[PDB]
Amino acid sequence: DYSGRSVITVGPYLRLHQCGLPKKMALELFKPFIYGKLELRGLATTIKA
Amino acid sequence: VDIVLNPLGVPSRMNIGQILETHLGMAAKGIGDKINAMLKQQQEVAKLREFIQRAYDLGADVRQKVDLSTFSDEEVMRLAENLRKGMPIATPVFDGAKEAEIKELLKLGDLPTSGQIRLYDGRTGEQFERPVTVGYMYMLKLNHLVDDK
Amino acid sequence: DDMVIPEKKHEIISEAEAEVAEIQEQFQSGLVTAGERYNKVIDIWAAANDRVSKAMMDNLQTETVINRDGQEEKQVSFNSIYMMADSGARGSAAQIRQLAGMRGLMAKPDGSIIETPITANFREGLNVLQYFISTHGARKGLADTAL
Amino acid sequence: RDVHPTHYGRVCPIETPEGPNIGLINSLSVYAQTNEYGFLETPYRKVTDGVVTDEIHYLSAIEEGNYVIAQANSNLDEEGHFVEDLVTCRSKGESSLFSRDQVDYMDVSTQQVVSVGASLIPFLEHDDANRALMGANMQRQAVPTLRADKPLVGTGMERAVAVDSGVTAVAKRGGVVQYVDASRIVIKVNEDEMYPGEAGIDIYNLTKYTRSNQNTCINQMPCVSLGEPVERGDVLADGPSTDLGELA
Amino acid sequence: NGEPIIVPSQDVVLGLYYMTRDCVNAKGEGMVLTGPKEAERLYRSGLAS
Amino acid sequence: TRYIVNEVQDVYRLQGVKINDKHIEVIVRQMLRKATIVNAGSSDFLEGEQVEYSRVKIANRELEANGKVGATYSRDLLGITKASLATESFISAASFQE
Amino acid sequence: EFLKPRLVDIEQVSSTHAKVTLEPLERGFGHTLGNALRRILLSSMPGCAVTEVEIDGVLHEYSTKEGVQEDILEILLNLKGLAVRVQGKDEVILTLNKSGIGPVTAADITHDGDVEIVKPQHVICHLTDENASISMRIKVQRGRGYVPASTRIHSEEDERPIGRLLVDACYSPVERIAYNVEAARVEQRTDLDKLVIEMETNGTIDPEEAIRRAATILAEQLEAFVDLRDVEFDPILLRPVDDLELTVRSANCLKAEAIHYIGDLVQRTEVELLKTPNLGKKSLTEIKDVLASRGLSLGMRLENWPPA
Amino acid sequence: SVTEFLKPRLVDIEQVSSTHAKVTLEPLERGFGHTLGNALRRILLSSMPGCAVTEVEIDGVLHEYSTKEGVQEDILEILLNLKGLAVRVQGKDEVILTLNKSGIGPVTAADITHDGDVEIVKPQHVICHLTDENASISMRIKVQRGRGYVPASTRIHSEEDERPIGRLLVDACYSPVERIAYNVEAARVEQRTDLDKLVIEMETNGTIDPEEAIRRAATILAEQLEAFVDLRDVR
RNA sequence: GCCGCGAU
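Residues numbered from 1 in each chain as written, not as in the entry; some residues may be left out. Chains lettered and ligands numbered in written order. Part of a larger assembly, values for the part shown. Heavy atoms only, no water. Residues with missing side-chain atoms left out of burial classes, pairs and counts.

Deposited coordinates in this entry are attributed by the record to cryo-EM, at a stated resolution of 3.9 Å.

1. Some words on the overall build of chain E
Assigned secondary structure in chain E consists of two helices and zero strands. Considering only C-alpha atoms, chain E reaches an extent of 45 × 20 × 20 Å along its principal axes. (Helix = DSSP H or I, 4+ residues; strand = E, 2+ residues; numbered from the N terminus.)

2. Here we look at the overall build of chain C
Helix and strand content of chain C: five helices and zero strands. Going residue by residue from the N terminus, the α and β elements of chain C occur as α-α-α-α-α. The C-alpha radius of gyration computed for chain C amounts to 19 Å, which surpasses the reference 15 Å derived for 147 residues by more than 25%, pointing to a less compact arrangement than a globule. Sequence separation of 24 or more characterises 50% of the internal contacts of chain C that already satisfy a separation of 6 or more. (Rg over C-alpha atoms; globule rule 2.2 N^0.38 Å. Contact = heavy atoms within 4.5 Å.)

3. Points about the protein's contact with RNA strand I
Taken together, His144(B), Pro17(D), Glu18(D), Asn21(D) and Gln141(D) make up the full set of residues near RNA strand I. In the interface set of RNA strand I, defined as its atoms within 4 Å of the protein, sugar plus phosphate atoms amount to 100%. Within the side chain of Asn21(D), an N or O atom sits 3.1 Å from a phosphate oxygen of RNA strand I. Its residues assigned to classes, the surface near RNA strand I comprises one nonpolar, three polar and one charged. (Near = heavy atom within 4 Å. Polar contact = N/O pair within 3.5 Å; in protein donor to acceptor, adjacent residues only side chain to side chain. Nonpolar A, V, L, I, M, F, W, Y, C, P; charged D, E, K, R; others polar.)

4. A short note on the interface of chain G and chain H
Contacts between the two partners involve 44 residues from chain G, matched on the other side by 46 residues from chain H. For the side of chain G that touches chain H, the secondary structure elements donating two or more residues are β2 (17–25), α1 (29–43), β7 (123–143) and α3 (207–225) of chain G. The leading source of residues in the side of chain G that touches chain H is α3(G), at 13 residues. Split into classes, the residues belonging to the side of chain G that touches chain H amount to 21 nonpolar, nine polar and 14 charged.

5. A few points about the pairing of strand β3 (residues 47–55) of chain G
All names here are of chain G. β3 sits mainly inside the fold: eight of its nine residues count as buried. Here eight bridges tie β3 to β7, and the two strands are oriented antiparallel to one another. Within the sheet, the bridge partner assigned to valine 50 lies in β7 and is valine 140. Both β3 and strand β8 (residues 164–166) contribute to a ladder of three bridges, which runs antiparallel. Directly across from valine 53, in β8, lies its bridge partner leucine 165. (Buried < 20%, exposed > 50% of the residue type's maximum accessible area, 1.4 Å probe, protein only. Pairing = 2+ DSSP bridges.)

6. Describing the environment of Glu115(C)
Residues and elements named next belong to chain C. The residue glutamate 115 is located in the loop between α4 (93–100) and α5 (128–146) in this model. On the basis of relative accessible area, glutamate 115 is assigned to the partly exposed category, the value being 34%. Along the backbone, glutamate 115 and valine 52 are 63 residues apart, and their C-alpha atoms lie at a distance of 18 Å. Beyond its immediate chain neighbours, meaning those up to four positions away, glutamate 115 contacts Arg37, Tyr38, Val41, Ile42, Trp45 and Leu105.

7. Overview of the sheet that holds β7(G)
Hydrogen bonds between backbone groups are what pair the strands of a sheet, and the pairing can be parallel or antiparallel. Residues and elements named next belong to chain G. Read from one edge of the open sheet, four strands run β5-β7-β3-β8, paired in antiparallel fashion. The open sheet terminates on both sides in strands that have one partner only, identified here as β5 (91–105) and β8. Between one strand and the next, the sheet's axes are offset by a mean angle of 35°, whatever the strand orientation. By the bridge criterion, 14 bridges tie β5 to β7 in an arrangement that is antiparallel. Bridge pairing in β7 places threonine 95 opposite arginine 137. (Axes fitted to C-alpha atoms, helices over the stretch in contact; angles between N-to-C directions.)

8. Let's talk about the interface of chain H and chain E
Residue-level contacts link 14 residues of chain H with 11 residues of chain E. At the level of elements, α1 (33–46) and α2 (75–83) of chain H are the ones that each hand at least two residues to the side of chain H that touches chain E. Here the side of chain H that touches chain E takes three residues from α2(H), the largest share from any one element. Here the residues of the side of chain H that touches chain E are counted per class, giving seven nonpolar, one polar and six charged.

9. Focus: the nonpolar core
Core analysis: the biggest nonpolar cluster contains 63 residues, and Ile16(B), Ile31(B), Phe94(B), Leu99(C), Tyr131(C), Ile14(D) and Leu124(D) have the highest contact counts within it. Apart from the residues within four sequence positions on either side, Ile16(B) is in contact with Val10(B), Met3(C), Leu99(C), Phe122(C) and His126(D). Core analysis: the second largest hydrophobic core is formed by 52 residues, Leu41(G), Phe5(H), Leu36(H) and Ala217(H) among them. (Core = buried A, V, L, I, M, F, W, Y, C linked by side-chain atoms within 4.5 Å.)

10. With respect to the packing of α5(C) against helix α2 (residues 129–138) of chain D
When two helices pack together, their arrangement is given by the angle between the helix axes and by the axis-to-axis distance. Viewed as axis vectors pointing N to C, α5(C) and α2(D) meet at an angle of 80°, and their least axial separation amounts to 9 Å. It follows that α5(C) is roughly perpendicular to α2(D) by the angle criterion. Mapping the contact onto sequence places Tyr131(C), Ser134(C), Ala138(C) and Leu142(C) in α5(C) and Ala129(D), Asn130(D), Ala132(D) and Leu133(D) in α2(D). (Parallel < 35°, antiparallel > 145°, perpendicular 65-115°, else oblique.)

11. Looking at the sheet that holds strand β1 (residues 12–16) of chain H
All names here are of chain H. The four strands lie next to each other as β1-β2-β11-β10, forming an open sheet whose pairing is antiparallel. The sheet terminates laterally at β1 and β10 (179–189), the two strands that pair on one side only. Direction aside, the axes of adjacent strands within the sheet are offset by 15° on average. Relative to strand β11 (residues 192–203), strand β2 (residues 20–28) runs antiparallel, the two sharing seven bridges. In the strand pairing of β11, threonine 24 is matched with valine 199. Against the sheet, α1 makes contact with β2, β10 and β11, and its axis sits at roughly 165° relative to β10, the strand it touches most.

12. Section: α2(D)
Within α2(D) the residues assigned to the buried category are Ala129(D), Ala132(D), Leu133(D), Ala136(D) and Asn137(D). One face of α2(D) carries all of its buried residues, which in axial projection span an arc of 130°. At its buried positions, α2(D) is contacted by α5 of chain C. (Arc of directions from axis to C-beta.)

13. A look at the arrangement of the chains
Highest in contacts among the 15 pairs of chains that touch are chains G and H. Separated throughout, chain D and chain F approach each other most closely at a C-alpha pair spaced 22 Å apart. Taking C-alpha atoms as the reference, chain C and chain H come no closer than 15 Å and do not contact one another.

The following block contains the structure:
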């Protein structure tokens with residue numbers, strides 16, 4: 001899990017250590033991190049919220 | 001232009017058909033644009049019919065016998081208004097148009113015979129050093145989309 | 001217009017055809033066996049193909065002849081297809097030869113070589129027979145790569 | 001999985017799947033038909049003396065393996081004689097140059113060798129075989145778009161492919177069109193031909209947006225306007241991805 | 001083998017091969033200029049090839 | 001090693017592929033295990049035993065007074081399909097082969 | 001030291017094609033001004049285009065109306081190309097009603113107060129029987145650039161009834177523009193440049209107004225460069241502790257340990273507040289009882305603490 | 001909504017030495033960063049008023065190929081050194097300067113005869129290392145105010161070869177812009193994700209701060225549009 | 001879970 005898959009294109013503005021990630025493809029792979037950082041900063045208290 | 005393609009893909013896969021089809025498409029669209037310009041100013045049927053007739057018979061011993069002497073006037077107008085976008089020429093598989101015929105068709109439409117025109121950079125506005133081949137290629141949208149993958 | 005056709009291709013292709021006809025007459029004379037004439041035809045066709053390749057490459061390399069402050073000189077060409085071939089970006093001498101010069105002897109039905117080669121490049125067209133002949137090599141290469 | 005030199009006029013040498021099934025699946029040529037028993041046959045034009053005639057004989061592999069067959073791309077005089085005294089020919093699974101009188105059969109057309117999939121590629125003779133194969137196998141995966149657009153350059157084969165595919169509505173015995181709608185076409189037949197008694201008119205119910213097998217759309221729009229004469233075999237509505245009866 | 005695996009190729013090579021080439025006659029012959037700054041300035045201004 | 005390295009390199013150099021010799025020699029070293037013992041004295045005789053185990057045994061015996069107990073061995077050369085299956089542990093070589 | 005370019009010799013070839021001349025220009029400024037003005041004119045020119053269309057008998061864009069020759073999809077595609085000029089309004093409604101035989105053109109649309117149809121010969125649909133009628137309402141807006149129908153969601157802030165067919169908007173009148181530079185006819189000066197701009201639009205915008213708008217936009221953008229210079233949130237928290245309905249022995253203890261907000265009480269792990277004097281085992285559970293009643297489990301971890 | 005565009009805010013300036021500057025502007029509307037960058041670069045490079053030395057006279061032989069009288073640096077090197085010299089002259093279109101040095105030691109830009117109307121910004125700019133040993137060097141230079149960059153195409157002045165030998169056709173760089181470069185990067189604001197951010201790298205020969213050069217280019221380009229922005233003015 | 005089609 002924590003894995004995604006998609007088509008690749010070319011980015012000529014990128015640096016040698018960077019890759020472009022669709023923000024729709026993120027927010028799924030990093031969901032538990034979002035939960036933790038939301039509960040940390042107090043935007044939502046309970047996990048359901 | 002509408003699509004930009006890499007030249008480095010032609011000389012290694014040997015699709016010279018790409019370049020020839022591009023030149024032929026440019027010639028056909030040139031003829032179509034000439035017809036559209038003639039139709040915009042609502043010229044008389046005589047010169048439009050003469051231009052269509054002179055465009056159709058061009059070739060080297062071609063087995064095409066389209067003649068507008070027997071063609072109705074309103075039918076000629078409909079034909080012109082139908083192919084105002086571009087004269088839809090056709091080349092059979094293994095006996096097609098040679099380079100001579102393509103260049104003759106290009107010369108009919110007031111276009112460079114070589115098929116390459118000069119282009120300007122969209123952002124800087126400086127002329128590109130070398131001529132670039134601008135033409136019309138028939139593109140297909142394949143069924144391997146993103147949202148399904 | 002980048003694929004410049006060597007002008008001397010037709011002269012030496014006709015010379016090769018004349019030599020082939022002469023060796024066919026020699027075979028008809030009965031003093032030559034099938035293997036010897038077949039091998040000699042293969043050798044002469046290879047020589048003619050190499051000569052065409054050399055002619056095309058020489059005509060394409062220093063093709064540009066640009067004047068100087070005095071009289072005229074010659075340099076390496078700025079031809080786009082030759083620029084791609086030489087710089088190492090894409091292409092090679094063999095592919096460039098296939099585009100402009102003779103396609104060359106080719107056959108892979110069972111590993112043997114057909115006596116008659118493909119004498120037409122891709123800037124011009126191919127007959128039905130030449131396309132059918134090249135299809136053998138194409139299909140064999142595809143299957144080998146797959147397996 | 002290899003191209004046998006008997007695949008000439010019967011099975012396409014270009015079109016085939018790529019990876020696993022390379023050469024195990026084929027597509028019939030454009031003129032190839034089946035014998036009574038089930039062997040592939042191809043048509044040729046008979047040659048008598050040095051003049052080629054218009055009679056057409058269907059030949060199988062065994063029968064064509066003995067005669068001498070000419071080439072389609074051979075110059076032909078006005079009356080029917082061969083222009084050149086030496087003619088390229090195939091004798092027995094090979095090729096050579098034969099005399100003007102030694103030939104027996106002539107190829108019928110230049111499209112005979114290839115199938116219908118690879119017959120719509122303009123300038124096919126300028127492509128490598130692998131790239132032609134890729135293009136042929138990739139033309140089948142195009143999707144129908146919003147507005148069909150005729151190809152500015154083609155091989156004339158669009159008409160047969162579009163009409164014969166059964167995706168267009170062709171007037172079976174039409175006369176003059178009477179009522180044109182976005183979903184119905186009512187044509188009144190010509191006075192020349194009828195079925196006696198009860199008269200009759202032809203009614204075509206076009207199929208609107210309908211799910212296809214690959215979850216695409218199937219649509220039909222009329223191309224005739226009103227009062228337009230319609231001959232037998234004319235095209236009235238163009239299905240998905242077809243412009244005025246031409247594949248697009 | 002120790003050879004560098006990340007290497008310019010395709011258009012990049014054509015970018016440099018076209019840049020590092022000489023012609024027997026062009027805009028500006030035998031000109032003398034201070035350094036690379038003046039070379040770039042002359043090329044951008046359209047005064048040299 | 002020189003025999004194997006030179007011939008296998010001819011295949012790669014002919015087509016224009018550069019591969020360092022150290023990678024070929026690593027495979028050969030794995031190919032030269034499982035020595036056969038030609039003598040006795042240390043509970044081994046006419047059997048295939050790992051060279052590493054034989055080397056530590058003779059060194060132990062030679063370190064002690066009984067230096068004659070150390071028994072001369074005969075090295076073997078097996079195939080990579082057979083050498084990989086003659087691994088001492090049974091979890092490996094039971095996830096690759098029959 | 002630099003001559004100021006002036007707008008002179010403006011002529012029109014047709015209702016759309018137009019040529020604009022700027023006669024006085026220096027050596028390098030011709031190309032610079034030409035390219036900048038071309039980019040400005042192509043990128044962002046205000047215009048008006050059809051926003052949405054409601055047809056009386058249809059339900060969705062993929063339907064067919066009896067009596068018309070074209071599907072609703074093709075009608076929407078035809079309307080997308082409509083060219084209309086408005087004055088003083090930005091949400092103007094156009095109604096079109098027609099019954100009969102033949103094409104229905106843009107000239108049939110009812111004459112609004114201040115709405116000019118640049119071309120009235122723009123056929124949009126065909127009526128193919130005597131007893132069929134078409135009645136439709138077009139809401140047309142004013143915009144700047146290309147805005148897809150899909151990407152707009154604020155129009156769904158108010159729920160749209162079924163029957164509203166959303167169409168894409170273009171808003172850009174300048175279809176094509178090219179420029180050219182020539183040697184000026186001025187002979188007193190050594191050499192001067194003259195710039196000629198040809199623009200093919202849809203007729204909605206006058207050429208001179210377009211040139212003026214582009215110049216104003218460029219000047220406003222340059223105004224930045226003319227002077228460089230420059231050289232715990234949820235309502236549940238931040239709530240005072242004296243509302244949890246706590247006991248008396250808790251209130252004095254709660255104030256004794258500087259717990260004035262609900263949040264800082266949550267951040268106290270169980271094992272440590274038991275060291276508080278006279279906390280009470282039964283009392284501590286009561287704090288845990290009433291605090292968990294709000295859903296704030298003990299032992300949460302916050303980042304920063306404001307003083308309010 | 002219409003006729004309201006994003007103006008860049010919080011420009012950032014990173015200064016290197018006293019002649020190198022990197023200016024970052026964000027956010028700009030899509031298709032505007034490129035326009036502004038190209039217009040500013042073209043103006044800064046092609047037409048920017050400034051002054052540079054253009055005529056040189058050296059005692060001795062006047063040919064293009066010269067023995068250099070044993071001055072251990074070819075006259076071509078002397079002309080190249082004189083090309084890059086930066087001066088400030090106020091209120092004079094053309095000015096003649098003279099330098100004369102004898103004795104062992106490299107010569108500097110401060111060796112020129114002192115005059116109040118021309119200032120030197122790089123006094124230690126080396127011109128030569130003296131005529132080898134035990135000799136003297138005398139140079140008469142002529143500097144005029146010009147625009148942009150003008151090469152030594154031809155003299156087209158005086159008569160016959162009088163002007164070419166009187167000036168030696170020293171290539172002159174009038175515009176005080178050594179190098180100008182611009183890049184456009186992606187930036188986002190609120191819900192919008194397609195905005196252009198401009199990075200301008202500017203290095204000047206001196207006599208003018210890079211920000212001052214940017215301001216001058218912006219001012220002249222804005223005043224070029226006064227005839228169109230006058231009547232169509234917000235204020 | 002078994003075929004059949006297909007992309008690299």
